[PDB]
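Here is the structure we will look at, set down as structure tokens.
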Amino acid sequence: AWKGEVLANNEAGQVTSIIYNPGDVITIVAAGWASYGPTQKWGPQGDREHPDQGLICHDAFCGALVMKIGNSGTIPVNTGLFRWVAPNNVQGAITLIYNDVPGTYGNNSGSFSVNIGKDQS
Amino acid sequence: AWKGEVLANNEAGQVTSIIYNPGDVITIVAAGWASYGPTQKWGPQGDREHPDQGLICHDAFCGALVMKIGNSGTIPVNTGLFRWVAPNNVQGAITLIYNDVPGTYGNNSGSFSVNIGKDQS
Amino acid sequence: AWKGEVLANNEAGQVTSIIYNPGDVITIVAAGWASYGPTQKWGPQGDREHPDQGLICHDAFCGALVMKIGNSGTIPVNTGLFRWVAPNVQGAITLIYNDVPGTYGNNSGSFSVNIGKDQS
Amino acid sequence: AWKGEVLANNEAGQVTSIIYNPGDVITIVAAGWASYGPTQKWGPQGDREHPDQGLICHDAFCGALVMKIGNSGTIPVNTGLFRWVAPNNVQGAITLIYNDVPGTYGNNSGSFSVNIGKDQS
Ligand SMILES: COCCOCCOCCOCCOCCOCCOCCO
Ligand SMILES: O=C(c1cc(O)c(O)c([N+](=O)[O-])c1)c1c(F)cccc1F
Ligand SMILES: O=C(c1cc(O)c(O)c([N+](=O)[O-])c1)c1c(F)cccc1F
Ligand SMILES: O=C(c1cc(O)c(O)c([N+](=O)[O-])c1)c1c(F)cccc1F
Ligand SMILES: O=C(c1cc(O)c(O)c([N+](=O)[O-])c1)c1c(F)cccc1F
Ligand SMILES: [Ca+2]
Ligand SMILES: [Ca+2]
Ligand SMILES: [Ca+2]
Ligand SMILES: [Ca+2]
Ligand SMILES: [Cl-]
Ligand SMILES: [Cl-]
Ligand SMILES: [Cl-]
Ligand SMILES: [Cl-]
Ligand SMILES: [Cl-]
Numbered sequence: 011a012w013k014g015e016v017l018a019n020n021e022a023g024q025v026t027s028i029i030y031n032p033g034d035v036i037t038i039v040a041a042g043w044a045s046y047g048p049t050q051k052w053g054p055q056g057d058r059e060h061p062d063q064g065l066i067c068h069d070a071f072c073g074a075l076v077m078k079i080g081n082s083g084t085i086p087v088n089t090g091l092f093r094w095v096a097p098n099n100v101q102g103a104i105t106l107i108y109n110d111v112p113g114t115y116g117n118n119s120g121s122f123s124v125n126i127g128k129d130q131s
Numbered sequence: 011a012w013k014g015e016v017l018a019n020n021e022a023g024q025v026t027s028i029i030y031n032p033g034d035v036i037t038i039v040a041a042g043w044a045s046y047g048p049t050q051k052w053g054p055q056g057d058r059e060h061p062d063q064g065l066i067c068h069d070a071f072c073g074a075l076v077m078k079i080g081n082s083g084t085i086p087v088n089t090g091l092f093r094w095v096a097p098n099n100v101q102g103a104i105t106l107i108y109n110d111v112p113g114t115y116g117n118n119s120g121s122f123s124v125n126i127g128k129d130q131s
Numbered sequence: 002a003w004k005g006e007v008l009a010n011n012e013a014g015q016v017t018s019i020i021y022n023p024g025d026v027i028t029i030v031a032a033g034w035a036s037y038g039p040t041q042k043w044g045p046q047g048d049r050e051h052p053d054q055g056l057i058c059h060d061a062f063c064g065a066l067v068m069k070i071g072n073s074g075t076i077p078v079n080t081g082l083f084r085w086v087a088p089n090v091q092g093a094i095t096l097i098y099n100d101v102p103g104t105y106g107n108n109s110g111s112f113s114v115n116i117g118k119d120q121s
Numbered sequence: 011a012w013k014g015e016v017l018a019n020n021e022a023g024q025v026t027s028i029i030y031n032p033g034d035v036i037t038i039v040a041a042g043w044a045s046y047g048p049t050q051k052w053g054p055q056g057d058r059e060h061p062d063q064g065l066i067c068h069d070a071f072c073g074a075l076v077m078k079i080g081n082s083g084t085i086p087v088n089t090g091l092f093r094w095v096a097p098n099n100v101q102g103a104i105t106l107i108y109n110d111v112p113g114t115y116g117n118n119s120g121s122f123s124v125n126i127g128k129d130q131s
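Residue numbers (my numbering), protein chains in the order written: chain A, 11 to 131; chain B, 11 to 131; chain C, 2 to 121; chain D, 11 to 131.
See below:
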């Protein structure tokens, strides 16, 4: 399992030591507070009212936690994933990233704490 | 394992199928949007800015997910618990509850979806 | 989890630390060689050729590994159980060598056993 | 997870659906009765009395269950493995094989039933 933090201001995100392989079942729990600019904070589901003006992940809100598996597209994580299997063929290291518009990360603050483990399969 | 929905307006909470037994390791993942009154909705960590005017759980924010194990006091859950073991001597049915001030649940809205499992031991 | 040895000559069995609770999923792996009397040795499934003349567990061969959960009837284990859920039963697991009561004194050897709770 | 049968007479082994990947923890349980020739049958540890006259796996008895992981050499399984991790540099599909002398599988009988699963990490 892996435990670590992902910074809201980082467009490159945080590479984990978890390698997702076909058939793997994983569990993620994410917590904390961040902002994509305003003087308020949101949890890892982000801000459900904010428009999408070019988010890296169009399937999660602005300020949400998302991931990639290897060189996949972005995949929503939000508060986490319970005994989850990837619905498409993806493989490789999990990278955690804060969902924001590229070029707009400089006014971001805060971080999410994340735990990830492989489950029985 | 258990999956279900906890209503923000349910002051009594939701008794799950899960009986926490001595030695149990559990994982909880909670998602969704709920409000303790405002138009805005929060995630399972609740609203970090709101004052505590008599929440049922003083160790979590207003609008957070919390629980009881048997007849315990409230225990924070938030976005969830990763491979977690309860305090000495706590045991019995898990009850999930929305953290609000007693008497003020009637204006609450939304729900959290929650999964609970037992981990290897 | 629990890891240990179960002695063929112990009629009373081996009380483990595992308290099986309703809904629990467990895995057991058992290995090794034991005898219920002959010079030969058998694995955890016991001796498929020996008749049952009053074994403590009628659902396993003579010389097999079996168990009880709390004060239950005997339940076959053999080489082990994969991600298994018990019938109906609650309490501590006791592992026992399947022999005819009164006939344990000529037994030899032991089985090595791992038990864990799985995800559920 | 994978559940299936390995025929004592199958010199090629039974290829499973399990791809062992670096860092995987697995559990195997094997049961049943097979023979390498005689009328008697043995369990998955095989026949402790039979000499080794050129077994595919010299670290297990004649008639034992063994495996390969990808193009590895043979690794004993016997009655099974409990939360086991492979040597480094071993990866790929698990193939289960009855331990006998090459060229002598044709007088074999019976089979083992085997379960394989990946464990938490
Ligand atoms: C962990 O330390 C906290 C210490 O709390 C002191 C103990 O308070 C016990 C009472 O909790 C009052 C909060 O009631 C909230 C309402 O729940 C309803 C559900 O109930 C189900 C259990 O039958
Ligand atoms: O969604 C955003 C948007 C998102 C941000 O995180 C952010 O920091 C800013 N910003 O401070 O200007 C704009 C946006 C955009 F990227 C282009 C046009 C209009 C916008 F609202
Ligand atoms: O924290 C609350 C408080 C909390 C609520 O969930 C709620 O629905 C209300 N309400 O709508 O009146 C007040 C509170 C209180 F309990 C007393 C005085 C002032 C408050 F804000
Ligand atoms: O199954 C057994 C049986 C089993 C034993 O392990 C053992 O040690 C003995 N014994 O030494 O008498 C008999 C048995 C029996 F109980 C009565 C008659 C014939 C038997 F083989
Ligand atoms: O161990 C074996 C051996 C093992 C077998 O399973 C088998 O079927 C036979 N066989 O029938 O030839 C020989 C062996 C050998 F390989 C050479 C000489 C003597 C042996 F028993
Ligand atoms: Ca921003
Ligand atoms: Ca309220
Ligand atoms: Ca005996
Ligand atoms: Ca043969
Ligand atoms: Cl980061
Ligand atoms: Cl939240
Ligand atoms: Cl805080
Ligand atoms: Cl696989
Ligand atoms: Cl055996």
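Using N, Cα and C, we set each Cβ at its ideal position, and we do this for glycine too.
What are the boundary residues of the beta strand (DSSP E) that residue i is part of?
i                    : result
residue 51 (chain D) : Taken as a continuous stretch (DSSP letters only), residue 51 (chain D) belongs to no beta strand (DSSP E), as it is neither H nor E.
residue 15 (chain D) : 12 to 17
Considering only DSSP beta bridges, list what residue i is partnered with.
i                     : result
residue 44 (chain B)  : B:52, B:120
residue 58 (chain C)  : Residue 58 (chain C) pairs with nothing; no bridge assigned.
residue 79 (chain A)  : A:104
residue 96 (chain B)  : Bridge partners of residue 96 (chain B): none, in fact.
residue 24 (chain C)  : The partner list for residue 24 (chain C) (beta bridge, DSSP) is empty, contrary to what the question assumes.
residue 90 (chain B)  : B:39
residue 125 (chain A) : A:13, A:39
residue 85 (chain A)  : A:77
residue 24 (chain B)  : B:106
Kindly list, in the order they appear in chain E, the residues whose Cβ is closer than 7 Å to that of residue i.
i                     : result
residue 130 (chain B) : Reference to chain E is not applicable here, since the protein chains of this structure are A, B, C and D.
Determine whether the Cβ of residue i lies closer than 7 Å to any Cβ atom of chain B.
i                    : result
residue 73 (chain A) : no
residue 92 (chain A) : yes
residue 37 (chain A) : yes
From the beta carbon of residue i, is the nearest beta carbon of chain C less than 7 Å away?
i                    : result
residue 89 (chain D) : yes
residue 31 (chain B) : yes
residue 55 (chain D) : yes
Where does residue i land, buried or exposed, given buried means 16+ other C-beta within 10 angstroms?
i                     : result
residue 118 (chain C) : buried
residue 22 (chain A)  : exposed
residue 105 (chain B) : buried
residue 48 (chain D)  : exposed
residue 16 (chain B)  : buried
residue 90 (chain B)  : buried
residue 113 (chain D) : exposed
residue 16 (chain C)  : exposed
residue 107 (chain C) : exposed
residue 51 (chain A)  : buried
residue 42 (chain B)  : buried
residue 18 (chain C)  : exposed
residue 31 (chain A)  : buried
residue 88 (chain B)  : buried
Nearest chain D C-beta to residue i closer than 7 Å, yes or no?
i                    : result
residue 32 (chain C) : yes
Pop quiz: residue i and residue j are said to be a contact at Cβ under 8 Å. What is the actual Cβ separation, rounded to whole angstroms?
i                     : j                     : result
residue 77 (chain C)  : residue 60 (chain C)  : 5 Å
residue 18 (chain A)  : residue 121 (chain A) : 6 Å
residue 109 (chain D) : residue 73 (chain D)  : 6 Å
residue 111 (chain B) : residue 65 (chain B)  : 6 Å
Quick one: does residue i have its CB under 7 Å from some CB of chain A?
i                     : result
residue 105 (chain B) : no
residue 84 (chain B)  : no
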